[PDB]
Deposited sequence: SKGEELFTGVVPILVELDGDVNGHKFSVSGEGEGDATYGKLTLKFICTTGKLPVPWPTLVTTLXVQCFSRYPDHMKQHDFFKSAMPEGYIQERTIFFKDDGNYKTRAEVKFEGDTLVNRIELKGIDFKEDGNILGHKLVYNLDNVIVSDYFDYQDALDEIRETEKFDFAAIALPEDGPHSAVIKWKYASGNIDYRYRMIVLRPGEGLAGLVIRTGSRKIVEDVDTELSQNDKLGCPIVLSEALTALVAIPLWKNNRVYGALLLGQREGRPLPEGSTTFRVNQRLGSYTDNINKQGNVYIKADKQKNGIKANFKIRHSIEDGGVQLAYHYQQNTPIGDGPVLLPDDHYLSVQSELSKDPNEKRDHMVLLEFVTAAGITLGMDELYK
């Protein structure tokens, strides 16, 4: 609305981070300027508790999208600037592939005439030898195009690759029940065919609000002709787990995790958490998800899966966003005259329509 006028000039940034990773606590303080008309951030961050227990590039995403430069046609959808000055809360989960996770809560708001990002972070389940605690990541950050609109397919890709399944799909109402999204699919017939209410695997799990587990699909087909759901036959599932999805403490949909070719359910599939991986839909605000590639110094790429929630702080009206991208240019630098573990950051963040972004990333 009118929080945009606060960003016409140069704006001072102040950043505070409170962190605790596997019990190792640390603090980071940040200082600099932001030019929103150019999407520009100039910042210096210092670890004021000693050595940073984790690598600097893993905290960049955590360390103010209200400074993105939105092209003229898109300004009408600038949510972050519209939540200003009252602010917004950024809650985030970052899963480091085959390693632990960050959970972060951040208040972003104007303090006087300075934009302040105040962050609290708890990281758990990290490997002592692992890429993170081992400090095996290259000090840089790939210039990237990033989502900032969620996308259930990328969430399903994450879940599939993480629980090491071959197939995943989500059933939602359209109000009957369609299999809307799927990852690892080999056909699209799961969407082309829709069952009447209560019918099928999704119908069962929604009606009963309880998981169904099939260790071997063929043998159970010998008991119940039902289990021959269109999804099961279309994707040739030999084992599967079907989970109920909530969000209103009322059963709303279904998550299907499937295996192929007599390969068995990975260990502990029985006890699986959708936790915060599906935005609105739970296990039992503006959501987004994306993925970050951290170069490993001794050759490699460490993945960081990001799940995002942004809620305005005030009660006044805020602009709502459409589906868009963020083109981010990052430069990681060091202050030659700084004895403390630190980071110099120069950044440019530009908003992009889904077209001008698909065309670059995938075409």
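Q: Where are the gaps relative to the deposited sequence?
A: Absent from the structure are positions 64, 176 to 180, 291 to 306.
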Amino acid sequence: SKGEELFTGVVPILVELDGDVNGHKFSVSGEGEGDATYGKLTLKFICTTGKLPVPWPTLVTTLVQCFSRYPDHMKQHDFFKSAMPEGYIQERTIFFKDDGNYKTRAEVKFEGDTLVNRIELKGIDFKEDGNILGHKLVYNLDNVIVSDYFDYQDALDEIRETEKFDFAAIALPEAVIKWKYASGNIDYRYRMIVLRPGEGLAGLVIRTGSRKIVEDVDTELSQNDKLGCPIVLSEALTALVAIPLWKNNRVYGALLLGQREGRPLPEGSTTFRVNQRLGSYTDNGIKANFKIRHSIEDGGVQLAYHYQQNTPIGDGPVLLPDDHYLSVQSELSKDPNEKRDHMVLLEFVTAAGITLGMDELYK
From here on, numbers count along this sequence of modelled residues.
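Q: Of the two stretches 313 to 321 and 331 to 339, which shows the higher Cα B-factor on average in the entry?
A: Mean CA B-factor is higher for 313 to 321.
Q: Do the CA atoms of 215 to 223 or those of 74 to 82 have the higher mean B-factor in the entry?
A: According to the entry, 74 to 82 carries the higher average C-alpha B-factor.
Q: Quick one: which of 129, 235, 91, 142 shows the highest Cα temperature factor in the PDB entry?
A: Max CA B-factor in the entry, restricted to 129, 235, 91, 142: 129.
Q: If I read the C-alpha B-factors straight from the PDB entry, which of 276, 147, 114, 259 is highest?
A: Spelled out: the listed residue with the top C-alpha B-factor is 276.
Q: How does residue 284 rank on Cα B-factor within its chain, lowest, middle or highest third?
A: Answer is highest: the recorded C-alpha B-factor places it there.
Q: Please place residue 9 in the lowest, middle or highest third of its chain according to the CA B-factor in the PDB entry.
A: Residue 9: CA B-factor falls in the middle third of its chain.
Q: Is residue 267 in the lowest, middle or highest third of its chain when residues are ranked by C-alpha B-factor?
A: Tercile = highest for this residue's CA B-factor.
Q: Using the B-factor values recorded in the entry, state whether the Cα atom of residue 207 falls in the lowest, middle or highest third among the modelled residues of its chain.
A: For residue 207, whose C-alpha B-factor we compare with every modelled residue in the chain, the answer is the middle third.
Q: If you rank every modelled residue in this chain by C-alpha B factor, which third holds residue 189: lowest, middle or highest?
A: Within its chain, residue 189 is a middle-third residue by C-alpha B-factor, going by the deposited values.
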